[PDB]
Every structure is written in C-alpha cells, then in structure tokens.
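Read the figures in this text as sums done on the coordinates, not as results from a lab. Don't worry about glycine lacking a Cβ; one is built from the backbone with ideal geometry, like all the others, and counts go over all protein chains shown.
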C-alpha cells in the first residue's frame, strides 16, 4: 500500500535501460577490485 | 644491458641435473665394465 511502488519500479527500469546498474557493478566488483584480468621461462628441474 | 654469463648455455637445465648426469655416466660406465668383464667365459 505504499505510494513508492510504481516510482521505484520505474526508477530501476530506467536505470537498467540507460546502464547505471551495470556501471555500479563494474565499480564495486571489477573496479575497486584488487586483481585484474608472460613469466620468464624456468630451467628444468630434476 | 644484461651481460650473458659464461656457462649460460647450461641454464636450460638445473645444476642438479648436470650433477646427476655425471653421476649416472660414472655408474653406467662402471656397470658396463663389470657386466662385460666378470664372467670367465
């Protein structure tokens, strides 16, 4: 019964369509992420 | 300018491998000598 249902539905839909949520996910998962995404060859061992 | 070391041609194989190669050479030679010159045939 809250008057906030339709506005929040439309807000999340608008954000998804324009691309805000994806950017935030990139910001808090991949960016702000420690390890992102060549080593010299080693001599053979016994 | 990394100056390559003399005996850098040994770098592909570790020091232990060369050591044990020498040891195995000696053992092979001795075992061959033995198994060839023991039996009074």
task = Tell me, rounded to the nearest percent, the portion of alpha carbon pairs in chain B spaced more than 17 Å apart.
result = 55
remark   = Using alpha carbon centers only, chain A is separated from chain B by a whole-angstrom value of 57
key: Averaged over A:39-46, number of beta-carbon atoms from partner chains that fall within 10 Å   = 4
Neighbour-count order for A:23, B:3, A:38, fewest beta carbons within 10 angstrom listed first = A:38, B:3, A:23
ask   = Considering every residue in B:13-23, what mean count of other chain Cβ atoms within 10 Å of its Cβ is obtained?
value = 2
query = Taking the protein assembly as shown, how much of its Cα-Cα pair set, in percent, is spaced more than 22 angstrom apart?
reply = 70
ask   = Which value at 222 nm does chain A reach when only helices count, each DSSP H run of 4 or more adding -39,500 (n - 2.57), with the total divided by all residues and rounded to the nearest 500 deg cm²/dmol?
value = -13000 deg cm²/dmol
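I'd like the Kirkwood hydrodynamic radius of chain A, using the inverse of the mean 1/r over distinct C-alpha pairs, in Å.
Details: mean 1/r = 0.0683 Å⁻¹.
So the Kirkwood estimate lands at 14.6 Å.
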